[PDB]
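The block underneath contains the structure these notes are about, expressed in C-alpha cells.
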Amino acid sequence: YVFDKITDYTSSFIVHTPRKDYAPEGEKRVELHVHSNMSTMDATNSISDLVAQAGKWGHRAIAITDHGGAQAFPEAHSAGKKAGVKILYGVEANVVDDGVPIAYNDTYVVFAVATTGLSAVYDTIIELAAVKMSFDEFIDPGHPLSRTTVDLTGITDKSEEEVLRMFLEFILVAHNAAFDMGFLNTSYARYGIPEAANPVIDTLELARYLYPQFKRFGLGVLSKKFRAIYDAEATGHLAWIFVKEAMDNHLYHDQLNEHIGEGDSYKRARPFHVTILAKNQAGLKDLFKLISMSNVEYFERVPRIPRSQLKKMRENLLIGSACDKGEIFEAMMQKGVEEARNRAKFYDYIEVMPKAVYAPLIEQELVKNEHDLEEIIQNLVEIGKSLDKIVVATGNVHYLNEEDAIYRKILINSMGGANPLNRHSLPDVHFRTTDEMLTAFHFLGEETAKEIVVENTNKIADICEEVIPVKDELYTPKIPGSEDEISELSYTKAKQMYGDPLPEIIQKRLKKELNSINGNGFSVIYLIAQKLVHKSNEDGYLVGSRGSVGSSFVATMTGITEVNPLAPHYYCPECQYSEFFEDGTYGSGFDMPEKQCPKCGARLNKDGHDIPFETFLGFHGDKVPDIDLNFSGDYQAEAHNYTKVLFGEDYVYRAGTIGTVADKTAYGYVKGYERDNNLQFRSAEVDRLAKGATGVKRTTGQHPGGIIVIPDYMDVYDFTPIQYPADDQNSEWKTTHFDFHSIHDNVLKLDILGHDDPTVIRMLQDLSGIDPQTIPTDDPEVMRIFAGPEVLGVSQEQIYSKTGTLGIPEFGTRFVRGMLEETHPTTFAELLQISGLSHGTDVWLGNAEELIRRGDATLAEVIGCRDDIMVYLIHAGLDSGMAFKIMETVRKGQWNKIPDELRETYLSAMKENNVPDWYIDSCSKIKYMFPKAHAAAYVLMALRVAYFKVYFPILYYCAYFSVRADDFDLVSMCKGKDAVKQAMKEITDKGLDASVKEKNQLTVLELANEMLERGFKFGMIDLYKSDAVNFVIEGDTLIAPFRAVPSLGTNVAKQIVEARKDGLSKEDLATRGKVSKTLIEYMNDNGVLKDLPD
DNA sequence: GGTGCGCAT
DNA sequence: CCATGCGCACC
Ligand SMILES: O=c1[nH]c(NCc2ccc(Cl)c(Cl)c2)nc2ncn(CCN3CCOCC3)c12
Ligand SMILES: [Mg+2]
Ligand SMILES: [Mg+2]
Ligand SMILES: [Zn+2]
Ligand SMILES: [Zn+2]
Ligand SMILES: [Zn+2]
Ligand SMILES: [Zn+2]
C-alpha cells in the first residue's frame, strides 16, 4: 500500500476490497464506544476517518466517547455531516464513588484471608487469620496452588465448613475490608451459614480519611509509615492506632461514617470507567459542565467526576458501564451477581464487549479461562434484562483496522512504567463490523446476540436526538454605546488632525469604514482593541500590530494602530492644512520631500501608505475585523487581566491548544520501541510507524496571546468545556477545552500577543526620555544603515555585514541582509517591499530576485505585499472589484488552481490595461503574500529602533542586550573585539550543522562585535552596580547583569540584588545570595569577587 | 534551568 | 533561501 514508500503491513520498502459490513441494510449495529486520537496517547485514528468508515459500512449512528474529554466533538460533527451518520456525543469519564463508608454494619477481631486470587466468585480462601484485640487456620483448595499464589502468599500445597464455623464463633476489622468481607461472606453462603453482619471496619478507608496527606494507603506502605497471620497482626497493630486517632482527633461505630465523601475524598478514591452520552442539547451542556468540573475541581492525575455530581446532572445523560474497568464488570468478576445487580441499578445501559477485548484479563489471571469470561458476560446480559436495562455490545474501539494496533502499542510503550497497559498485552480494539460483532457474541445465542448488537444499540441511538456541539453564528460581547463611541472617537481624532471640515478623501474613507463596521455589528471588536491599546499607552507601552488592522483608518483614528492607510499626504500640526497625493506618485507619505505649510510657517507632517481597507474588511466590508496586537512582553499579563476586568472573570478564558505527537516525537517513540523490543526496522517502515502514531493528542497548552471572550448573556458551556492548561491546577487562567479553531468563528479571540519590540522601545524611552512617537521615521540618515554600514562608523570587514541593520528587528537576519545588499532600499515604500519579499512565499527566490537583477522591474515595482497588487491594478485602470478578486487569487496562490475561464478573464483585463507581461508572470509564481499594513507596522518599529541605533548607539545596545539577548559568553565580550571575533569564527566553522543555542550565541556575538567596533565595550558584573536583568550604562561601557554570568540563575540573581541593599568575606555572598560555589568560582576567576578583600 | 519540540501570528 | 515568540515535556 502506498503510504507516501509502500507497505504490506509486514514491512515497508521504497520503490483492494475494503472491509465491508455484510449485515442487511436495516440490521446494522451502532458503535457506542469509540476512542479517537483525542484520547491522550491511547487511540490513533481521527474521529473523521472512524465516522467515514461507519458511514461507508451503513451504520446509522456512531458515538465519540474519548477518555475524559470532548475535544473531538467539532471534528466529529463535521465528519458526521459529511458522511450522513448521526453522532452521539459522549465521554469515557473516570468516576469516583463520592461516599465510600468506613463502617459497614452501622472487641475487635482484626482478620485477614490469604486466598487464590482476587475474584471472590471464581476463587476461594486458603488461609483465615484473625486476632481478637488468635485464630489462624489453613484451608486447602482442591487444586494445587499456582506458583503466583505460592509466591504472593508464602503458602505451598480442616474443611472450610469447619474453619468458617470456628471463625464465626471466634467488630470485624480488615484492610480493604470490602475484599475480605466479600470473601468471608461468599464462603459463608457456600455452606448456608449466616452472613454474620456484625459491625465492620475497613482500615483502608479509615487511613484515607484520617491521613489524607498520605499518597499510597496499601498495608505495607502504611505499616512502614506507622501470609494471612502476619497481615492480620499488622492490620491489628495499625487498627488500634487508627481507632485511637478517630476517637481523639475527631467514639462509636456509627460516627465513623458521619464525615464521608467530604473534601479531597475524590483525590484518594480509585476511579472507574463510566460512559456518559448526551441525550439532547441540554444534555450536551450538562456534559460540558461535567467535563469542566472534572478538569477544574476534581482533577487528580486524571479528570474525575464524583458520582454525586453525575447523579445531579443525569436527566439528559445516558450512563453506561463502559469496559472491564467499569464497576459493573469489576463487581461481576470479583464480587458476585448480587453486587453487580445493585451497582447496575445506577446505569441506563450495560456494555458488553467481545472476549477479544477482555483477553488481557485472562492473561493477568483476573479471569481464569474463557469459560469464566463467557459466564461473566452472560451474567451481565441477564442482570440487565432483570433490571429492564438496555444491554449493548460496544467494542471499545481504539483504532480503525486490525493492522493499526501496532501504532497504539508504540505509543503505549513510549510511556514505560507509567502506563499499566505495558504490563500485559493490548486487546483487539479495532472497529468491528456488524457481522464480526455478531460472531463475537454467538455464544449467547443468535437471538440474544442480534438483540444486544443491533436492536439495543439502535434503540440507544434513537433515544438521542440530533445534537450540535458547535454554534453557527458569531456571538460577540455587547458594550452599550459602542458604535457611537467608535464613530465619535474616529471623527474627533480626524477633526483634530484635519480640521473640522474634513477633506473629502477622509470623509469618504471614514464613512465607508464606519458603515462597514457599525453596519455589521463589529464595533465591539474595535472598542475592545481601543481600550486595550489605550490602557497600554497609559502605562507607557506602544502596541504594534500584526495582520491588516493598519489598513483601517478608523483603527488609526481610534488609536488602535500607528499605520496610516490614507494616500500619501501632508498635514499641518498647527493649522490643520492638508494635501493628498492620490495619483500614485509616492509610495508613502514618508518618501515625500520636506515641505512647509502654505497657510502658516509650520512644517508639514507627511503620512499615508496607500493601504486599502478592503484588505482588512474584505470587499463590501462584511469581513470580521481581526486585530492582533503585539503588546510588550512585560505588559501582556496586564492586558489579559484587563480583559478579565472588561468582561468578568467568568467570561474570559485563555485560548487552548492541543499539542499532538509530531514527526520528531513519533520518530523517537518508534526508535525507543525498536530498542526496547530489540528489532531492526527498515527506514521506510520506521517512517510508516512514525506516520501512524502521529497526530495523537499528547498534551494541552495555551495559545500565546489568545483570550476567548464569551458574551455575558451566555455561558462558556454553550460553546466549550474549560480546563487548566497542561492540567496545571495552579494556573491563574482557565483555557477552553476545545481547540480555538473550532470556536473562534463563534466567539471573539483577542490576540493579545507579546513582542520584544515594544519592550525595547520602552527601555529606550526610559534611558533617553525621548517619547517613542516623536521619533522621525522618515529620517534620511537612519536609511543609510539599510544601505551600508558607514553611517554606523564601521566597515563591512569589521562588522561581517554589508548592511548596518544588525539587531534591527526583521532586518538583521542574513537572508534579509542579503536581500538588502542586492536591492539597496532607500525609501519607506522599498522597506515595505523588502519585507513583503523576505517573508512571502515564492515572491523573491524565483519571482523577483531575477526580475530585479535583470532590470525588468525595480524593487519598488515588484509584487511585495498583497495590497500592492490591488493598488497597482486600480492605478492600471482595472475595476476595484476585478483587482480585489485577482489580488486574492494571487495571494492564495490560486493563479494556477482557478479554472481556465477565470484565469482568462483576469488576464484579458490586465493586458487590456497595459499591465506588463513580467507582472503577470510574477503573479503566476506566488504562493503566499502577506498584507501591507503588517509590513508598515513592523517597519515603523524597526525604524524607531534604528533611530536609536544610529544616534544613541550606547542606549540602543544596552536596550538590545537587556531585552533581546539572553545567552552571553561575556568572557570574549569582556575581553574585547578579538575574543568576540574568535568565538564568532568558532560558531561559523561549526557550519550549517550548529545548535540553536550556538546560533543565538552567534547573533548576540555579532551584535557585541558591532558594538565593540564602534568604541563601546562591555564590563564584568559588579556586585554593587550590576542589575538583576538589565545591562547598566556607565560612560561608554555596558555593565553586564548577573543573569549574563553562565548559570547565575534569575531568582538567585534578584537575591544578590536583595542582599546588596542589606549590606564581606566572600563567603557571606554565597551564604545570603544562595550563590552556588561553582558560580562563585566564576565571579572569582573573572575578577568579580576580586574586590572582596577577604 | 536548559533544551527540544509543537504551535501560532 | 521567513521571523519571532510562547508554552509544555523531558532531562
Ligand atoms: O508564517 C508566518 N510568518 C510570519 N512572520 C512575521 C512577519 C513579520 C514582518 C512582516 Cl513585514 C511580515 Cl509580512 C511577517 N507571520 C505570520 N502570520 C501568520 N502566519 C502563518 C500564515 N499561515 C500559513 C499560510 O496560510 C495562511 C496562514 C505567519
Ligand atoms: Mg488482607
Ligand atoms: Mg486574531
Ligand atoms: Zn482508552
Ligand atoms: Zn474504558
Ligand atoms: Zn474505552
Ligand atoms: Zn499650517
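Note on naming: chains are A, B, ... as they come in the C-alpha cells, residues start from 1 per chain, ligands start from 1 in the order shown.
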Show me a table, sorted first by chain and then by increasing residue number, of the residues of chain A having an atom at most 9 Å from chain C, each with its shortest atom pair and the distance in Å to one decimal, counting only C-alpha atoms (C1' of nucleotides) and written as JSON lines.
```
{"residue": "A:659", "atom": "CA", "partner": "C:8", "partner_atom": "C1'", "distance": 8.9}
{"residue": "A:699", "atom": "CA", "partner": "C:8", "partner_atom": "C1'", "distance": 7.8}
{"residue": "A:700", "atom": "CA", "partner": "C:8", "partner_atom": "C1'", "distance": 8.1}
{"residue": "A:701", "atom": "CA", "partner": "C:8", "partner_atom": "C1'", "distance": 6.6}
{"residue": "A:702", "atom": "CA", "partner": "C:7", "partner_atom": "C1'", "distance": 6.8}
{"residue": "A:703", "atom": "CA", "partner": "C:6", "partner_atom": "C1'", "distance": 7.8}
{"residue": "A:704", "atom": "CA", "partner": "C:6", "partner_atom": "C1'", "distance": 5.0}
{"residue": "A:705", "atom": "CA", "partner": "C:6", "partner_atom": "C1'", "distance": 8.3}
{"residue": "A:725", "atom": "CA", "partner": "C:8", "partner_atom": "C1'", "distance": 8.9}
{"residue": "A:726", "atom": "CA", "partner": "C:8", "partner_atom": "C1'", "distance": 7.1}
{"residue": "A:753", "atom": "CA", "partner": "C:5", "partner_atom": "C1'", "distance": 8.7}
{"residue": "A:754", "atom": "CA", "partner": "C:5", "partner_atom": "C1'", "distance": 7.5}
{"residue": "A:755", "atom": "CA", "partner": "C:5", "partner_atom": "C1'", "distance": 7.1}
{"residue": "A:756", "atom": "CA", "partner": "C:5", "partner_atom": "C1'", "distance": 8.8}
{"residue": "A:809", "atom": "CA", "partner": "C:3", "partner_atom": "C1'", "distance": 8.7}
{"residue": "A:810", "atom": "CA", "partner": "C:3", "partner_atom": "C1'", "distance": 6.4}
{"residue": "A:813", "atom": "CA", "partner": "C:3", "partner_atom": "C1'", "distance": 8.7}
{"residue": "A:815", "atom": "CA", "partner": "C:1", "partner_atom": "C1'", "distance": 6.7}
{"residue": "A:838", "atom": "CA", "partner": "C:2", "partner_atom": "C1'", "distance": 6.2}
{"residue": "A:839", "atom": "CA", "partner": "C:2", "partner_atom": "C1'", "distance": 4.6}
{"residue": "A:840", "atom": "CA", "partner": "C:2", "partner_atom": "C1'", "distance": 7.2}
{"residue": "A:841", "atom": "CA", "partner": "C:2", "partner_atom": "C1'", "distance": 8.2}
{"residue": "A:845", "atom": "CA", "partner": "C:1", "partner_atom": "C1'", "distance": 6.9}
```
Self-check item: Residue hits in chain A, query chain B, radius 8 Å, only C-alpha atoms (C1' of nucleotides), as a list in words
Solution: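 Every residue meeting the condition is included here: residues 546, 628, 657, 659, 660, 662, 664, 665, 703, 704, 1047 and 1049 of chain A.
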Extract, using only C-alpha atoms (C1' of nucleotides), all DNA, RNA and protein residues at most 12 Å from residue 243 (chain A), discarding same-chain residues fewer than 3 positions from it, and format them as a short mmCIF file (atom, residue, chain, number, x, y, z; two decimals) with N, CA and C atoms, in the first residue's frame.
```cif
data_model
loop_
_atom_site.label_atom_id
_atom_site.label_comp_id
_atom_site.auth_asym_id
_atom_site.auth_seq_id
_atom_site.Cartn_x
_atom_site.Cartn_y
_atom_site.Cartn_z
N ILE A 102 -16.69 4.00 55.87
CA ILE A 102 -15.66 3.35 56.67
C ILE A 102 -16.26 2.19 57.45
N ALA A 103 -17.41 2.40 58.07
CA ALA A 103 -18.12 1.36 58.81
C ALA A 103 -19.24 0.80 57.95
N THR A 107 -14.55 -5.02 71.31
CA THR A 107 -13.58 -6.09 71.00
C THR A 107 -13.46 -6.19 69.48
N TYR A 108 -12.23 -6.21 68.97
CA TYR A 108 -12.02 -6.20 67.51
C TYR A 108 -11.41 -7.53 67.07
N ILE A 171 -16.22 -6.43 66.62
CA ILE A 171 -16.24 -5.51 65.44
C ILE A 171 -15.19 -5.99 64.45
N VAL A 173 -12.57 -6.30 61.50
CA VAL A 173 -11.64 -5.29 61.04
C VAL A 173 -10.80 -5.87 59.91
N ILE A 201 -15.08 -2.68 59.99
CA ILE A 201 -14.22 -1.53 59.76
C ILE A 201 -13.26 -1.88 58.63
N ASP A 202 -13.12 -0.96 57.68
CA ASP A 202 -12.17 -1.09 56.58
C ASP A 202 -11.02 -0.14 56.86
N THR A 203 -9.88 -0.70 57.28
CA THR A 203 -8.76 0.14 57.69
C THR A 203 -8.24 1.00 56.54
N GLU A 205 -10.10 2.65 54.26
CA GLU A 205 -10.89 3.87 54.25
C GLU A 205 -10.59 4.74 55.47
N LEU A 206 -10.41 4.12 56.64
CA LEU A 206 -10.10 4.89 57.83
C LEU A 206 -8.76 5.61 57.70
N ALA A 207 -7.76 4.93 57.14
CA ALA A 207 -6.48 5.58 56.90
C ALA A 207 -6.62 6.71 55.89
N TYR A 209 -9.26 8.56 55.33
CA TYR A 209 -9.95 9.68 55.94
C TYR A 209 -9.08 10.38 56.98
N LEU A 210 -8.28 9.63 57.74
CA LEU A 210 -7.54 10.21 58.84
C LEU A 210 -6.23 10.86 58.39
N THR A 235 -2.40 -5.50 60.57
CA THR A 235 -3.59 -4.64 60.50
C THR A 235 -3.97 -4.31 61.93
N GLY A 236 -3.91 -5.29 62.82
CA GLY A 236 -4.35 -5.04 64.20
C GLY A 236 -3.48 -4.00 64.85
N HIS A 237 -2.18 -4.08 64.61
CA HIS A 237 -1.24 -3.14 65.25
C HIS A 237 -1.53 -1.74 64.72
N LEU A 238 -2.07 -1.65 63.51
CA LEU A 238 -2.45 -0.32 62.96
C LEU A 238 -3.84 0.05 63.46
N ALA A 239 -4.81 -0.81 63.23
CA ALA A 239 -6.20 -0.51 63.53
C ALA A 239 -6.35 0.10 64.91
N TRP A 240 -5.55 -0.35 65.87
CA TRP A 240 -5.60 0.30 67.18
C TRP A 240 -5.27 1.78 67.05
N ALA A 246 -9.25 8.23 65.44
CA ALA A 246 -10.64 8.56 65.15
C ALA A 246 -11.36 9.05 66.40
N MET A 247 -11.07 8.44 67.55
CA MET A 247 -11.72 8.86 68.78
C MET A 247 -11.18 10.19 69.30
N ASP A 248 -9.89 10.45 69.13
CA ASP A 248 -9.28 11.64 69.71
C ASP A 248 -9.34 12.85 68.78
N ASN A 249 -8.72 12.74 67.60
CA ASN A 249 -8.64 13.88 66.69
C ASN A 249 -10.01 14.30 66.18
N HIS A 250 -11.01 13.44 66.27
CA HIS A 250 -12.36 13.74 65.82
C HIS A 250 -13.35 13.29 66.88
N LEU A 251 -16.43 8.40 68.44
CA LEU A 251 -16.26 7.49 69.56
C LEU A 251 -17.04 6.19 69.40
N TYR A 252 -18.00 6.15 68.48
CA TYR A 252 -18.80 4.96 68.22
C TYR A 252 -18.50 4.43 66.83
N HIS A 253 -19.13 3.30 66.50
CA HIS A 253 -19.02 2.76 65.16
C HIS A 253 -19.77 3.62 64.15
N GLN A 255 -20.58 6.78 64.23
CA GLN A 255 -19.92 8.06 63.98
C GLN A 255 -18.74 7.92 63.03
N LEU A 256 -18.23 6.70 62.84
CA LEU A 256 -17.13 6.51 61.91
C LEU A 256 -17.53 6.80 60.47
#
```
Practice problem: Around ligand 4, at most 7 Å away and counting only C-alpha atoms (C1' of nucleotides) and all ligand atoms, which residues are there? Put them as a PyMOL selection string, please. | Solution: chain A and resi 35+39+42-43+67+398
Exercise. Could you give me, as a PyMOL selection string, every polymer residue with an atom at most 8 Å away from an atom of ligand 5, counting only C-alpha atoms (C1' of nucleotides) and all ligand atoms?
Key: chain A and resi 67+92+273-274+322-326+396
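Those protein and nucleic acid residues that have any atom within 7 Å of ligand 2 are, using only C-alpha atoms (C1' of nucleotides) and all ligand atoms, residues 112, 113, 114, 174, 175, 176, 180, 228 and 231 of chain A.
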Can I get the selection written as a PDB file, in the first residue's frame, with N, CA and C atoms?
```
ATOM      1  N   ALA A 112      -7.941 -11.447  58.369  1.00  0.00           N
ATOM      2  CA  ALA A 112      -7.355 -11.383  57.040  1.00  0.00           C
ATOM      3  C   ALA A 112      -7.477 -12.748  56.383  1.00  0.00           C
ATOM      4  N   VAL A 113      -7.524 -12.766  55.051  1.00  0.00           N
ATOM      5  CA  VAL A 113      -7.795 -14.068  54.379  1.00  0.00           C
ATOM      6  C   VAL A 113      -6.908 -14.252  53.152  1.00  0.00           C
ATOM      7  N   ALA A 114      -5.720 -14.812  53.266  1.00  0.00           N
ATOM      8  CA  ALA A 114      -4.905 -15.148  52.081  1.00  0.00           C
ATOM      9  C   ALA A 114      -5.781 -16.047  51.212  1.00  0.00           C
ATOM     10  N   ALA A 174     -10.606  -5.093  58.848  1.00  0.00           N
ATOM     11  CA  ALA A 174      -9.792  -5.574  57.739  1.00  0.00           C
ATOM     12  C   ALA A 174      -9.240  -4.393  56.957  1.00  0.00           C
ATOM     13  N   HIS A 175      -8.108  -4.629  56.298  1.00  0.00           N
ATOM     14  CA  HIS A 175      -7.553  -3.682  55.340  1.00  0.00           C
ATOM     15  C   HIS A 175      -8.130  -4.004  53.969  1.00  0.00           C
ATOM     16  N   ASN A 176      -8.778  -3.020  53.350  1.00  0.00           N
ATOM     17  CA  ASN A 176      -9.667  -3.276  52.223  1.00  0.00           C
ATOM     18  C   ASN A 176     -10.778  -4.227  52.664  1.00  0.00           C
ATOM     19  N   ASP A 180     -11.983  -8.531  51.927  1.00  0.00           N
ATOM     20  CA  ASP A 180     -12.001  -9.630  52.885  1.00  0.00           C
ATOM     21  C   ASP A 180     -13.424  -9.985  53.294  1.00  0.00           C
ATOM     22  N   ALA A 228      -1.403 -14.652  55.778  1.00  0.00           N
ATOM     23  CA  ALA A 228      -2.584 -14.098  56.464  1.00  0.00           C
ATOM     24  C   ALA A 228      -2.229 -13.756  57.903  1.00  0.00           C
ATOM     25  N   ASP A 231      -0.291 -10.508  57.942  1.00  0.00           N
ATOM     26  CA  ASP A 231      -1.261  -9.473  57.519  1.00  0.00           C
ATOM     27  C   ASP A 231      -2.153  -9.146  58.707  1.00  0.00           C
TER      28      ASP A 231
END
```
Exercise. Provide the CA of residue 219 (chain A) to CA of residue 234 (chain A) distance in Å, to one decimal place.
Key: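 Going from CA of residue 219 (chain A) over to CA of residue 234 (chain A) covers 8.0 Å.
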Taking only residues of chain A that have an atom at most 8 Å from an atom of ligand 3, what is each one's shortest atom pair and its distance in Å to one decimal, using only C-alpha atoms and all ligand atoms, in chain and number order, as a tab-separated table?
```
residue	atom	partner	partner_atom_place_in_ligand_line	distance
A:626	CA	ligand 3	1 (Mg)	4.9
A:627	CA	ligand 3	1 (Mg)	5.6
A:628	CA	ligand 3	1 (Mg)	4.9
A:706	CA	ligand 3	1 (Mg)	7.5
A:749	CA	ligand 3	1 (Mg)	6.0
A:750	CA	ligand 3	1 (Mg)	5.8
A:751	CA	ligand 3	1 (Mg)	4.7
```
Filtering to C-alpha atoms, could you give me those residues as a short mmCIF file (atom, residue, chain, number, x, y, z; two decimals), in the first residue's frame?
```cif
data_model
loop_
_atom_site.label_atom_id
_atom_site.label_comp_id
_atom_site.auth_asym_id
_atom_site.auth_seq_id
_atom_site.Cartn_x
_atom_site.Cartn_y
_atom_site.Cartn_z
CA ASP A 626 -9.10 40.78 13.08
CA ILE A 627 -6.81 42.91 15.26
CA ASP A 628 -3.70 41.07 16.51
CA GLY A 706 -5.43 34.40 22.54
CA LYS A 749 -10.47 35.54 20.16
CA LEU A 750 -8.45 38.58 21.24
CA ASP A 751 -4.89 38.00 20.02
#
```
Excluding residue 581 (chain A) and any residue of its chain fewer than 2 positions from it, enumerate the residues within 12 Å of it, using only C-alpha atoms (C1' of nucleotides), and give them as a PDB file with N, CA and C atoms, in the first residue's frame.
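Saved as part.pdb:
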```
ATOM      1  N   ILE A 505     -11.581  63.171   0.811  1.00  0.00           N
ATOM      2  CA  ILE A 505     -10.962  61.851   0.848  1.00  0.00           C
ATOM      3  C   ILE A 505     -11.173  61.212   2.214  1.00  0.00           C
ATOM      4  N   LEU A 566      -4.126  56.036   4.689  1.00  0.00           N
ATOM      5  CA  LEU A 566      -4.515  57.035   3.711  1.00  0.00           C
ATOM      6  C   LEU A 566      -3.440  57.173   2.638  1.00  0.00           C
ATOM      7  N   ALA A 567      -3.813  57.817   1.535  1.00  0.00           N
ATOM      8  CA  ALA A 567      -2.858  58.087   0.480  1.00  0.00           C
ATOM      9  C   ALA A 567      -1.769  59.013   1.005  1.00  0.00           C
ATOM     10  N   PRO A 568      -0.595  59.003   0.378  1.00  0.00           N
ATOM     11  CA  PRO A 568       0.479  59.891   0.831  1.00  0.00           C
ATOM     12  C   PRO A 568      -0.018  61.323   0.906  1.00  0.00           C
ATOM     13  N   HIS A 569       0.430  62.046   1.925  1.00  0.00           N
ATOM     14  CA  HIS A 569      -0.122  63.380   2.099  1.00  0.00           C
ATOM     15  C   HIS A 569       0.680  64.156   3.127  1.00  0.00           C
ATOM     16  N   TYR A 570       0.513  65.471   3.078  1.00  0.00           N
ATOM     17  CA  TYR A 570       0.953  66.389   4.114  1.00  0.00           C
ATOM     18  C   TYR A 570      -0.248  66.818   4.942  1.00  0.00           C
ATOM     19  N   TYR A 571      -0.013  67.057   6.224  1.00  0.00           N
ATOM     20  CA  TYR A 571      -0.976  67.762   7.053  1.00  0.00           C
ATOM     21  C   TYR A 571      -0.208  68.645   8.023  1.00  0.00           C
ATOM     22  N   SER A 578      -3.998  70.367   4.861  1.00  0.00           N
ATOM     23  CA  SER A 578      -3.709  69.030   4.371  1.00  0.00           C
ATOM     24  C   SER A 578      -3.666  69.038   2.853  1.00  0.00           C
ATOM     25  N   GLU A 579      -2.907  68.096   2.302  1.00  0.00           N
ATOM     26  CA  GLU A 579      -2.734  67.967   0.860  1.00  0.00           C
ATOM     27  C   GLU A 579      -2.456  66.508   0.544  1.00  0.00           C
ATOM     28  N   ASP A 583      -2.433  60.163  -6.792  1.00  0.00           N
ATOM     29  CA  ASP A 583      -2.022  59.879  -8.158  1.00  0.00           C
ATOM     30  C   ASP A 583      -0.982  58.770  -8.255  1.00  0.00           C
ATOM     31  N   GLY A 584      -0.583  58.177  -7.135  1.00  0.00           N
ATOM     32  CA  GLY A 584       0.415  57.128  -7.179  1.00  0.00           C
ATOM     33  C   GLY A 584       1.821  57.602  -7.455  1.00  0.00           C
ATOM     34  N   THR A 585       2.117  58.873  -7.185  1.00  0.00           N
ATOM     35  CA  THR A 585       3.448  59.412  -7.432  1.00  0.00           C
ATOM     36  C   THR A 585       4.437  59.073  -6.326  1.00  0.00           C
ATOM     37  N   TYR A 586       3.955  58.789  -5.118  1.00  0.00           N
ATOM     38  CA  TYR A 586       4.799  58.424  -3.990  1.00  0.00           C
ATOM     39  C   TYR A 586       4.298  57.121  -3.391  1.00  0.00           C
ATOM     40  N   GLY A 587       5.231  56.246  -3.017  1.00  0.00           N
ATOM     41  CA  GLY A 587       4.840  55.011  -2.357  1.00  0.00           C
ATOM     42  C   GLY A 587       4.274  55.248  -0.970  1.00  0.00           C
ATOM     43  N   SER A 588       4.866  56.180  -0.232  1.00  0.00           N
ATOM     44  CA  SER A 588       4.429  56.521   1.110  1.00  0.00           C
ATOM     45  C   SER A 588       4.527  58.025   1.283  1.00  0.00           C
ATOM     46  N   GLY A 589       3.771  58.546   2.247  1.00  0.00           N
ATOM     47  CA  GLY A 589       3.947  59.933   2.626  1.00  0.00           C
ATOM     48  C   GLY A 589       5.300  60.209   3.234  1.00  0.00           C
ATOM     49  N   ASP A 591       8.154  59.124   2.060  1.00  0.00           N
ATOM     50  CA  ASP A 591       9.074  59.368   0.958  1.00  0.00           C
ATOM     51  C   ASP A 591       8.897  60.743   0.332  1.00  0.00           C
ATOM     52  N   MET A 592       7.811  61.437   0.647  1.00  0.00           N
ATOM     53  CA  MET A 592       7.591  62.768   0.117  1.00  0.00           C
ATOM     54  C   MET A 592       8.650  63.730   0.649  1.00  0.00           C
ATOM     55  N   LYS A 606       4.268  64.457   7.010  1.00  0.00           N
ATOM     56  CA  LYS A 606       3.912  63.599   5.889  1.00  0.00           C
ATOM     57  C   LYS A 606       3.529  62.220   6.400  1.00  0.00           C
ATOM     58  N   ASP A 607       2.408  61.703   5.911  1.00  0.00           N
ATOM     59  CA  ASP A 607       1.893  60.418   6.360  1.00  0.00           C
ATOM     60  C   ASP A 607       1.230  59.713   5.185  1.00  0.00           C
ATOM     61  N   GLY A 608       0.629  58.561   5.472  1.00  0.00           N
ATOM     62  CA  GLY A 608      -0.123  57.815   4.484  1.00  0.00           C
ATOM     63  C   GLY A 608       0.700  56.788   3.741  1.00  0.00           C
ATOM     64  N   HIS A 609       0.194  55.559   3.648  1.00  0.00           N
ATOM     65  CA  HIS A 609       0.897  54.490   2.958  1.00  0.00           C
ATOM     66  C   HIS A 609       0.074  53.826   1.868  1.00  0.00           C
ATOM     67  N   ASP A 610      -1.129  54.321   1.583  1.00  0.00           N
ATOM     68  CA  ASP A 610      -1.943  53.822   0.478  1.00  0.00           C
ATOM     69  C   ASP A 610      -2.293  52.345   0.671  1.00  0.00           C
TER      70      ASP A 610
END
```
Exercise. Name all residues at most 12 Å from residue 75 (chain A) (count only C-alpha atoms (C1' of nucleotides); drop same-chain ones fewer than 3 positions away) and give them as a PyMOL selection string.
Key: chain A and resi 36-38+46-52+64+70-72+78-82+87+89+468-470+738-739+741-743
Self-check item: Close residues to ligand 7 using only C-alpha atoms (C1' of nucleotides) and all ligand atoms, limit 8 Å, as a VMD selection string
Solution: chain A and resid 571 to 577 596 to 604
Written file, previous selection with C-alpha atoms, as a PDB file, in the first residue's frame:
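Output file part39.pdb is given in full below:
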```pdb
ATOM      1  CA  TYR A 571      -0.976  67.762   7.053  1.00  0.00           C
ATOM      2  CA  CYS A 572      -0.140  70.716   9.261  1.00  0.00           C
ATOM      3  CA  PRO A 573       0.139  70.028  13.011  1.00  0.00           C
ATOM      4  CA  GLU A 574      -0.802  73.654  13.740  1.00  0.00           C
ATOM      5  CA  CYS A 575      -3.418  74.969  11.303  1.00  0.00           C
ATOM      6  CA  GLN A 576      -4.788  71.593  10.077  1.00  0.00           C
ATOM      7  CA  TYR A 577      -3.862  72.210   6.429  1.00  0.00           C
ATOM      8  CA  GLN A 596       6.359  73.904   4.842  1.00  0.00           C
ATOM      9  CA  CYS A 597       2.722  74.812   5.283  1.00  0.00           C
ATOM     10  CA  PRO A 598       1.380  77.229   2.648  1.00  0.00           C
ATOM     11  CA  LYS A 599      -1.071  78.625   5.206  1.00  0.00           C
ATOM     12  CA  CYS A 600       1.439  79.233   8.022  1.00  0.00           C
ATOM     13  CA  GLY A 601       5.108  78.798   8.867  1.00  0.00           C
ATOM     14  CA  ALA A 602       4.964  75.359  10.484  1.00  0.00           C
ATOM     15  CA  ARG A 603       6.462  72.289   8.857  1.00  0.00           C
ATOM     16  CA  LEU A 604       4.171  69.718   7.263  1.00  0.00           C
TER      17      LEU A 604
END
```
Exercise. Write down as a PyMOL selection string the residues belonging to region 168-284 of chain A that are assigned alpha helix (DSSP H) by DSSP computed on the backbone.
Key: chain A and resi 168-169+177-190+203-210+219-225+228-248+265-268+281-284
Quiz item: Distance CA of residue 341 (chain A)-CA of residue 387 (chain A), one decimal place?
Solution: 7.8 Å
Quiz item: What are the DSSP strand (DSSP E or B) residues of region 153-365 of chain A, as a count of residues only?
Solution: 26
